[PDB]
Structures are given as C-alpha cells and as structure tokens.
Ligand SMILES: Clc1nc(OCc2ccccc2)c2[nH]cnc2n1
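Given next, in structure tokens, is a single chain: the form deposited without the ligand.
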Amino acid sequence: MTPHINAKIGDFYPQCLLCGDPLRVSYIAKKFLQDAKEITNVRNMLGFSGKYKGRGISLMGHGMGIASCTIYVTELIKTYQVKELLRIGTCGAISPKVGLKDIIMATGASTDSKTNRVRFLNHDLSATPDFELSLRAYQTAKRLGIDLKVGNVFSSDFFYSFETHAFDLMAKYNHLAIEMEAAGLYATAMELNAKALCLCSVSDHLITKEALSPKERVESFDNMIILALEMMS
C-alpha cells in the first residue's frame, strides 16, 4: 500500500509499539506475543501483530533519525489507521537525576532539527506526548513498582554530537537523556491528531561515561517492554 510498508489495510492493531531497531521489534514479538505474525518487512524494517495476554497489539520499526521515524509514523497513521503509538528505545543519559537502568517518560522532546520549524511557521513548536497515555504510563509503573522518571529528552540529528559541551546546559533544562526520534514522533502525531508517547531506558550515561554490559542490556530493556505492553492493557 505505502512506499515503506507493504502490510495489509487492517493488519495493524490501533495500538502499536515502536522501536528504531527492527531486531527488538521481533524480540518483543517472539518473547512476548502469542499469535505472532509478521506483517511488514520493506527495507527489512519489520512489524508484527500478535496478542499480549489476550489483547491484540501491533509492533513496528521506525529506523533511526527524525526523518526516518516521521516516514513510518505518518504511514501507520494516515494509511493503517493507527491511533496510539508508543515508542520505546534506549538513550544516553545526561542528567545527574538519571542512573543507568532507569526508564524515562518524555513529557517533551526538544530538538536541533529544523523539521518542526519547517512545519510550524518557523516558530518554536513545543513537541509533547499525548497526555492520557502519559498518566497511563505513571499509573502502570507505580502499579508495577517501577520508579518511572519523568522529564524532557533532547532529540538530536547527531548520534556523534558536535555539541557535547552543551549536555550540562540541556540537563540543566530538565533534559534527562538524548535520543533521536521523539520530536519527529510527537510532532507527526500532533500534525495528524493521533496519540503518542516515548519511553527510553538508560543504557549509557554520557556524563558518568558509564554503560551497561550486554547482560543487563536486554534485561533492563525487557523490564520496560512489559511496562509498555502493560500500560497497553
């Protein structure tokens, strides 16, 4: 149907889970979904539709960078009628409020992209999640004894940043971690009146140079895929 998804009109559940990594897309389908079927794979970017504890969920990969995410989020919304889009991934912590393992809920995604200025009269679009997915996230985490942590992220166009001198100022302004797609997600979902949210797990801490060795990696991660699949039940 779409230039980047050849799934079938209705193959998606109205509530989709999102990663940049199509590998962890399937990792969630395998380890977490019953009735798991692969619905899309153009450019090897994969999505799945299954059921989590009797309730049907879709999964979908969005690649890396705001433009990439914008392409897939736009198509999930305008063609496949997706309505709620949760995004989950890792991030680089920059705030002394976050330690590794932590899960961040992004109540706002700042950015160095020009996309929002192109979208929004060259003014300052404050790209924000949808509210009633956010309180769902805080209630389900307290429900779970997860100390969900809430603040802004900075969505950058640069994985290898040319402005590492500025992280302290970003963290000063309640940016807990840096990721690369939430601003495009939040903005696209704003443009199209859909509901979106983004969570991230602190894998690396860019200030304390600390990191998670591959052990607790796909164990810290999993502790928030259920977070997401829970919230979404």
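Don't overthink the numbering: it's just position in the shown sequence, from 1. In this text, the rigid core denotes the largest set of C-alpha atoms whose superposition between the two forms falls within 1.5 Å. Residues that one form lacks are left out of the comparison.
Quick note: we don't show the form solved in complex with the ligand, though the next part is all about it.
Note on the interface: of 157 to 165, 116 to 124, 130 to 138, 103 to 111, the segment with non-hydrogen atoms within 4.5 angstroms of the ligand in the deposited bound form is 157 to 165.
Within this chain, residue 85 is remote from the site of the ligand in the deposited bound form, having no heavy atom within 4.5 Å. Taking the partner from elsewhere, residue 204 is found to have a heavy atom lying within 4.5 Å of the ligand in the deposited bound form. Interface residue remark: residue 90 is counted as part of the site for the ligand in the deposited bound form, having a heavy atom within 4.5 Å. Interface residue remark: residue 94 is counted as part of the site for the ligand in the deposited bound form, having a heavy atom within 4.5 Å. Interface residue among 45, 39, 178, 33, judged by heavy atoms within 4.5 Å of the ligand in the deposited bound form: 178. At a threshold of 2 Å in C-alpha displacement, with the core superposed and only residues shared by both forms counted, 210 to 220 is the one segment of at least 3 consecutive residues that shifts between the shown form and the other one.
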